[PDB]
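Below sits a lone chain in structure tokens, taken as the form deposited in one PDB entry.
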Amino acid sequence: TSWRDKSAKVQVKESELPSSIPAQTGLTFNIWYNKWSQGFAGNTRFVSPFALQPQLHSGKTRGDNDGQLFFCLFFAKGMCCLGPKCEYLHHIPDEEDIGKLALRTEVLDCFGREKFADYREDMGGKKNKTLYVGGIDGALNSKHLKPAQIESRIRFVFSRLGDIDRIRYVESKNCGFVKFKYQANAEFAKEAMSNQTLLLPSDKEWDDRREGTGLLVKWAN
């Protein structure tokens, strides 16, 4: 069923989230989120207990009916408690959405925040659409998988987040590179896949997925 033909699913209960829930573009979002992350055990990047399931979760929100052009950051991370009440969009950014955003802004990402490029230090190397995906082995709890299997999992989880230009898994570096057709999908996928497991419900290790190390997802250089 098309996301257009349903209302967005509530992903978590508000009571599951830490208090002082911030606006996604708000002053304290990173303080709050970093605190959330640091609250987990132990030393490597936490494995988020929440995840976006695009087919299951995507749907209409009040945002769709209220002229909203920007996407819900909590939704991308699998942790929006609002569902159809949300005033931000709950679907995977598409060509239409992106066209409207282009008329609306040059300086904001798909979540309405300042684009990375406008404040980050350019280490050196025009619309970056490529993500570096690191710590693949750790996101699988060191499960013994082969490159064909590993590549299929990276492809599966990222391709459901937007049209893919190219994906590469690089065994020797324990990493992957995912290039989206559109910058908006890269922006969205980066937030969606950060700290995610790459285990699947069918894996023997699934119940112990928290004991891995969440994926590292950065802009590729």
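Counting begins at 1, following the sequence as shown. Superpose the two forms; the largest set of C-alphas matching within 1.5 Å is the rigid core.
Chemist: Counting only residues of the deposited sequence, how many between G125 and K126 have no atoms in the entry (none, 1 to 3, 4 to 9, 10 or more)?
Modeler: The entry leaves 4 to 9 residues without coordinates here.
Chemist: Do the CA atoms of 141-149 or those of 77-85 have the higher mean B-factor in the entry?
Modeler: The deposited B-factors put 141-149 ahead on the C-alpha mean.
Chemist: On average, which has the higher Cα B-factor in the deposited entry, 132-140 or 105-113?
Modeler: The deposited B-factors put 132-140 ahead on the C-alpha mean.
Chemist: Checking the entry, which one of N43, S194, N65, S37 has the top C-alpha B factor?
Modeler: Largest recorded C-alpha B-factor: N43.
Chemist: Per the coordinate record, which of the options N30, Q53, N185, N174 holds the highest CA temperature factor?
Modeler: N174 has the highest C-alpha B-factor of those listed.
Chemist: Lowest, middle or highest third: where is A220 by C-alpha B factor in its chain?
Modeler: It falls in the top third of the chain.
Chemist: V170's Cα B-factor: lowest, middle or highest third of the chain?
Modeler: It falls in the top third of the chain.
Chemist: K179: which third of its chain by C-alpha temperature factor?
Modeler: Tercile = middle for this residue's CA B-factor.
Chemist: Looking at the C-alpha B-factor of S202, is it in the lowest, middle or highest third of its chain?
Modeler: Highest third of the chain for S202's C-alpha B-factor.
Chemist: Is the Cα B-factor recorded for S19 in the lowest, middle or highest third of its chain?
Modeler: Its C-alpha B-factor, which the entry lists for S19, ranks in the highest third among residues of this chain.
Beyond the structure shown, there is the form deposited in another entry, which is absent from this document and is the topic of what follows.
Chemist: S15: CA shift of at least 2 Å between this form and the one not shown after core fit?
Modeler: Shift at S15: below 2 Å after core fit.
Chemist: After a core superposition, would you say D118 shifts its C-alpha by at least 2 Å between this form and the one not shown?
Modeler: Comparing the forms between this form and the one not shown, which are aligned on their rigid core, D118 does shift its C-alpha by 2 Å or more.
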